Amino acid sequence: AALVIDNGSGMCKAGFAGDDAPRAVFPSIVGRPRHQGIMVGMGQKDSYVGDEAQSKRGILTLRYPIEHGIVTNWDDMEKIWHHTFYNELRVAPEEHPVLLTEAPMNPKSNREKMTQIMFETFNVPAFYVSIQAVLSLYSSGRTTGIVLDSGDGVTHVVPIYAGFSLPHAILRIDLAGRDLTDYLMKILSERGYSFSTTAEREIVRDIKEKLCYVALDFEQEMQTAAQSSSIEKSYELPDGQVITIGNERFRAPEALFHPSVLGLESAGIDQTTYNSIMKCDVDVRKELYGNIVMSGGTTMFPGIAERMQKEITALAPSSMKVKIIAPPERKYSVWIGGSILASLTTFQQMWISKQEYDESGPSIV
Amino acid sequence: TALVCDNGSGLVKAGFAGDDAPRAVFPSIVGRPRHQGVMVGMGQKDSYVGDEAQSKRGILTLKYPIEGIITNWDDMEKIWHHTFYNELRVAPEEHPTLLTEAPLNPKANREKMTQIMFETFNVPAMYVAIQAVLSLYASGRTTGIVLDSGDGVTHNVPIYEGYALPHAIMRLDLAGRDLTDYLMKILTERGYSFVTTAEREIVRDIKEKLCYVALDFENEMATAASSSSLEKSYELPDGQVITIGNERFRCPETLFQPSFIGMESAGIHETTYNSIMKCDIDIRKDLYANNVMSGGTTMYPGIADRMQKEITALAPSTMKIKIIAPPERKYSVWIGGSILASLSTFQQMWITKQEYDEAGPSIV
Amino acid sequence: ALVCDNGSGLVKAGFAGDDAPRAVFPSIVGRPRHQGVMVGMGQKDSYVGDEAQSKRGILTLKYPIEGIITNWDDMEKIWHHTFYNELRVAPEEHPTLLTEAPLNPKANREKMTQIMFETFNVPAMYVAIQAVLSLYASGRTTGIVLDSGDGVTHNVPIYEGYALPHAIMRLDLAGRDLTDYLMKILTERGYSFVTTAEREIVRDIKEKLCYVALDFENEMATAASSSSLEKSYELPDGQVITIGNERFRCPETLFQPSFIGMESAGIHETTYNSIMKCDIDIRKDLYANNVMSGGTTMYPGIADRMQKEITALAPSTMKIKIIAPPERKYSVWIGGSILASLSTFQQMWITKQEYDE
């Protein structure tokens, strides 16, 4: 059996080939103690990965190697994996084939470097790197799909025609679940809240994930909150103190369609779907309009699939089969893309072998 | 003095007669507000215009009024209503204005161009002029086929006796926008970000700065894949020094083999042979010898050496190939206007405010 | 005309014409242990500035101004103390300018407009945002400000004589917290400073010893290596302090609020963060012209260090310039007096008749 580790800008996702749910779902953080000690409590282990590092904000300095799918730092990424093998998945890398994810439009040098580390500091028998949305497309039951990922870091739209991604339309807004929380932290503080700590960033993250939704129309909904507390939803903080969130609740996800609310003056995910599809050829486009597949955690907000269905019905040809297929499991579909792909008896011949690596080297990827 | 304005979807350039270099230059774009949005310092403006529309895009969405050819008039009017006012600080009522059109510009839209100029503007005299004729004029040539290439436009125009043969003009829609989106595939496939419209604004520039054609396709395919020469570093306007390489040949080679996107059009060398092959036989002599190029997308280093070879391969070897490349070229249609507006014999050629009154739009 | 600069700690007043502020005093008022009514007998007004510090009440020491004026009675009281106590003039005769904090409530201005014309009977009043003025002392209409008086630091963007609210970053730090940090650290070398009289000694020490070292880490090491940063200061009574690492620990607080224990980002983080909130193109003039004002920009080194961090935070092609005047501490008044003297543009001076209406 093989291994699959989705290296997410917020949450990394490890496991084996064949399983349905990701075996090690964890924050992609490496944490290093600011002054390293002799003992327990004091800050003893040279780097901490996942939720331990995160609890231990008192002792550590927290670092995320992967920003917008682009792995920026390889010393933190590697040291994650030393822990993904020996501490998370509780395996020995040299025994199991590995599939790791990479962004839609991810660096060749970053690919070629990941290629290096895996067969080398980890000696894994076999490896393959795979483009995030294309793997969501595999978990969507397709060969053809305009797939739109929004993870914690990156938000990429891809026209998959017959398994081939068409790069000449692969689009993006650098706006995702992390930028989304920061918006809600602002607009609660502007409601009058003091939310400032990273702990209260997790408060503002939780509120985002549970109470934030995408209005079917933005302006209408605003005055709907103005006229009714319908929208207003209570929240029990770790204080026990109940707060109330109101028109914030739909303003926060609406970054994704109206990005410019953060000051991030891009076109919205609606617009970028359309603009990906036009940059394709016309028969591709037909099935892209019918095979708009959503992916990521930030694709989860209430109303988003219906809203995308609304907007793209107007933006696409009136007589077209517009069809969103929003995955229920979409915070993980990229790992479910990996695990199926690794388990594919066909795909067994598509792995990078240890042989081709030692005869040809990292440049074959 | 007269006023002269080269309207492109990329850049609109203005000024007066007599000056050698364009007085106004701006992107052709306005923004109409997705919310009521006081840019604290101005009042509630209708439209932020050009290098203003994109400055504040978060409030107000970018459109291009004229994709080489006029579509939307509410944006369009704000562009003629930028250039006089903000850009030149001049009043329309005072100044005989000349405006351009990308070659093969149609009946209906020009009628209404002429209308608006005499009504909401009141200009004392106006003249629209066919971009590629003005290029050849600015060149100092009587005759010869011309090739405009731009962000939205490309054009082959056989000029004789100061006159374009209209029927034989080819527009190529595969222009510099297509090219910048293509570069924007490829760097992104190498792994850079480059795909928001902000990063289009960057990836336009990088191309303009570093992207060349090279004389042979197969041999350059060899160098690209094998040698560390292709790479040039570049700070984009955040700070990330990237490295562009290969694409520098693998983008503008689309003007020669348009198939690179999957658009299948004949390459410029083909279109030019065939545009001259929309003209006679021995009369073709110094069309082949006075072949002038124009516009934005003619800046690419390598194209001329390439094109001469590729047009000669297509053609009966005795035709004297002489293709001219000025260094000012984004402005050649402005400098075809200003000096030709200053030229005395032209006072009679303008469309006056009076003649408009009697003739209506129908004088354009 | 007059110019009367108001804030959470210090108030500067004088005339239009003069180069240097005539009166500069603490915004402290006292309010009684509850004898009397708001309209009734007894000193509501009580004691402002030094007279209130000297004794401290009872007449409880309500500072009214947190940049934003929280309660308007105490401001009235100060403004009495200005025209009548500090200047000793006639308010009816002398048109007054007053200096407001960017992001003041518009309603807060209405009340400023009223108390002036009603209780003080001033013939005309003007009111101007402390930031643009801070630039008018440096001769500019446009630019990014880092004001850092005694109360709250201020990262204010300016286009063409106007502030842009959406970027105006506050940091709850300056001058005062800067001395009350210095008190905690002098304690480590025996000198537990405690009284207000001692806080006046300690504040002289801030000006004399405490300085924005260009870098924090190379500096720490030099302190730990060698005494050259250490410098003795004689206390007025007869004693002598010696201070080393601490000397730069005390101004570093602007760049690191974790020192005091505040959840808020250092001035380098906020300056930049305000300019990102600026218009993608106007940003260039602002970066090109950063102007920095206040008692807490008086710290030596601050301009180069700001410039170092903003260069390390802005793109490679970003033309940045920081600007601090040698008179920087007062600049809102110097900027103000120039404006208040601008006798041609005059109709800005909204009169009593332009108020009878």
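Residues numbered from 1 in each chain as written, not as in the entry; some residues may be left out. Chains lettered and ligands numbered in written order. Part of a larger assembly, values for the part shown. Heavy atoms only, no water.

For this coordinate set, the PDB header names cryo-EM as the determination method and states a resolution of 9.5 Å.

Per the PDB entry, chain B goes by the name Actin and belongs to Limulus polyphemus.

Labelled according to the PDB entry, chain A appears under the name Actin, originating from Limulus polyphemus.

1. Regarding the interface of chain B and chain A
Listed as interface residues are 23 residues of chain B and, on the opposing side, 22 residues of chain A. Taking both sides of the interface into account, the surface hidden between chain B and chain A amounts to around 1600 Å²; carbon and sulfur atoms contribute 49%. There are three salt bridges connecting chain B and chain A. Measuring nitrogen to oxygen at the nearest pair gives 4.0 Å for the salt bridge that ties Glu 265 of chain A to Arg 57 of chain B. The tally of links between chain B and chain A comes to 10 residue pairs in polar contact. Those elements giving two or more residues to the side of chain B that touches chain A turn out to be α4 (176–190) and α5 (197–210) of chain B. Per-element tally for the side of chain B that touches chain A: the top contributor is α4 of chain B, with six residues. Here the side of chain B that touches chain A is built from residues that sort into five nonpolar, nine polar and nine charged. (Contact = heavy atoms within 4.5 Å. Buried area = accessible area lost by both parts, 1.4 Å probe. Salt bridge = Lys/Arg side-chain N within 4 Å of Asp/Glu carboxyl O. Polar contact = N/O pair within 3.5 Å; in protein donor to acceptor, adjacent residues only side chain to side chain. Helix = DSSP H or I, 4+ residues; strand = E, 2+ residues; numbered from the N terminus. Nonpolar A, V, L, I, M, F, W, Y, C, P; charged D, E, K, R; others polar.)

2. Describing the pairing of strand β6 (residues 96–100) of chain C
All names here are of chain C. Across the five residues of β6, five count as buried, placing the element largely inside the fold. Burial along β6 is two-sided: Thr 96, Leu 98 and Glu 100 and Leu 97 and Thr 99, pointing in opposite directions, are all buried. The pairing of strand β1 (residues 2–5) with β6 spans four bridges and is parallel. Across the sheet, residue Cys 4 finds its bridge partner in β6, namely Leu 98. Pairing of β6 with strand β7 (residues 124–129) involves five bridges; the strand directions are parallel. From the neighbouring strand, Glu 100 faces β7, where its bridge partner is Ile 129. What joins β6 to β7 is helix α3 (residues 106–120), and the crossover it makes is right-handed. (Buried < 20%, exposed > 50% of the residue type's maximum accessible area, 1.4 Å probe, protein only. Pairing = 2+ DSSP bridges. Right-handed = clockwise from strand over helix to strand, strands pointing away.)

3. Topic: the nonpolar core
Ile 207 of chain A together with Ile 206 of chain B are the most contacted members of the largest nonpolar core, which totals 73 residues. The residues contacting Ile 206 of chain B, other than those within four sequence positions of it, are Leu 183, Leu 187, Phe 194, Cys 211, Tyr 234, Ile 242 and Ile 244 of chain B. Core analysis: the next-biggest nonpolar cluster, separate from the first, contains 44 residues, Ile 201, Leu 209, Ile 241 and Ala 314 of chain C among them. (Core = buried A, V, L, I, M, F, W, Y, C linked by side-chain atoms within 4.5 Å.)

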